[PDB]
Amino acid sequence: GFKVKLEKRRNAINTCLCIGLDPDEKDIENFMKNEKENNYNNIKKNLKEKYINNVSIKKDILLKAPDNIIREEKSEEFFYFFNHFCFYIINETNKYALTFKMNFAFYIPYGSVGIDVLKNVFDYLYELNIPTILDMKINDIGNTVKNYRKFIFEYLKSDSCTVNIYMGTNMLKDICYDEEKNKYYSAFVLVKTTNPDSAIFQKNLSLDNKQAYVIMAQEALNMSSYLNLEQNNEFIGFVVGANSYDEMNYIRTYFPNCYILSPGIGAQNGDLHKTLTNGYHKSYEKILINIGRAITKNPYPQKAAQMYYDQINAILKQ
């Protein structure tokens, strides 16, 4: 189960850093141009790694020397460099990551080619046995929602995803549970988001002088109990933005042992000390700190990841 998988890695590497892998078009251009100019140093390092032989889509193209890809198969150049950029980031930073979070939006805008990269990326992480999150923030009626669950948990074999339950909590019956296989899956529900204008609905809406993000949080756990997730070492957790300090603390108390996923530090202006302190828990896999572009876009991603790794671990010593 996901809680067992999270806990074991946390003991292995003693952090709660969640590394975000959201590659955009310029990241792929820059990666392709740097490798071309520096003798494809990082791609040749990728082709030495163990588990690249265990990806299921277009291994024939992925494993051939880069000199060939330019001159030979011009069609598949983008696929090749897109996939190798993701492998490069994973190879460079994974020792520091408790989990990896891939945002689906970044892998769909080119058509099927990016979903092939997404599949290989999740295949890669599964073989490294690193916990994964798919940031897809899915939402629909029950019958439709089943398709997301197949994609996320059967096809990609992801450990968790993000969910927007604004249309109704019952959708989690067809996300976090599969009656036909008697299987249970973990999800993070959107509670407090880092949009600058997120207060308009999450705070300025109310029931019984309770703000909406609290009502939504409590609905999420009531469904978790009904689905019996925790007994099967799965959970429904919360996405709480790094800047929402008051709510972060409001959540951690009164939901003492809930799992929190927090984005916002780095590219979106943050206070790492204050975010991690308000969300803190002994089992600090319950307070995941997502860092994306601050690592993916840094010229030395290994060094950027280590920096946040050491920063987080220093704060935890309290």
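We number the residues from 1 along the sequence you see. What we label the rigid core is the largest C-alpha set whose atoms superpose within 1.5 Å from one form to the other.
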item: Which of 276 to 284 and 53 to 61 lies farther from this form in 8 other deposited structures of this protein, as RMS of C-alpha positions after a rigid core fit; value: 276 to 284
item: Coordinates lacking for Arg71, a third or more of other entries; value: yes
item: Mean C-alpha B-factor comparison - 243 to 251 and 141 to 149, higher one; value: 243 to 251
item: Criterion, highest CA B-factor; candidates, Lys119, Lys157, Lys101, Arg71; value: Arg71
item: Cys16 CA temperature factor, ranked by third within the chain; value: middle
item: Among modelled residues of the same chain, the CA temperature factor third for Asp123; value: lowest
item: Among modelled residues of the same chain, the CA temperature factor third for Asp310; value: highest
item: Among modelled residues of the same chain, the CA temperature factor third for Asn46; value: middle
item: Ranked C-alpha temperature factor of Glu234 among modelled chain residues, by third; value: middle
